[PDB]
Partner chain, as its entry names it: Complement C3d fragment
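Just one chain follows, in the form solved without its partner chain, and it is written as structure tokens.
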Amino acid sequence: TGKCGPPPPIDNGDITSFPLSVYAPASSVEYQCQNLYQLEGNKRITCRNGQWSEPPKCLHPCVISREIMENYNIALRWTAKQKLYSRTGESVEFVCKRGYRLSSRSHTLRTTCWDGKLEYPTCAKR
């Protein structure tokens, strides 16, 4: 029979329903991520003839480092805060600190967070 067992576990995520031991053919389950994690892939998985479709992933947020910002002579735009949690897929906006100009390629002041990884711009003494 085209019956599946329990749907697969995913790091920092879980299914929206209570976990059953056996699943009927063409039955489906949906996933959710932990608070600051971002779902990447399809939200739903289906039991297709004894096998589940590919589960999504829950990608890590980026933690904006005060020390990196100080070493690169940058600051967060729009805020006085030097601490920020950025989700995967979101853009982070920076500015050069006063007395510094951009030394990295243009458009590096606006950059995307991806699974805990962020490329910080660099500024150098004017």
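We call the rigid core the largest set of C-alpha positions that still match within 1.5 Å between the two forms. Positions refer to the first chain, counted from 1.
Although not depicted, the form deposited with its partner chain bound is the subject of the following passage.
- Contact check for residue 34: a heavy atom falls within 4.5 Å of its partner chain in the entry with it bound.
- For residue 12, a non-hydrogen atom is located within 4.5 Å of its partner chain in the entry with it bound, even though that partner is not displayed.
- For residue 61, a non-hydrogen atom is located within 4.5 Å of its partner chain in the entry with it bound, even though that partner is not displayed.
- With the core held fixed, the Cα of residue 114 is displaced between this form and the one not shown by 2 Å or more.
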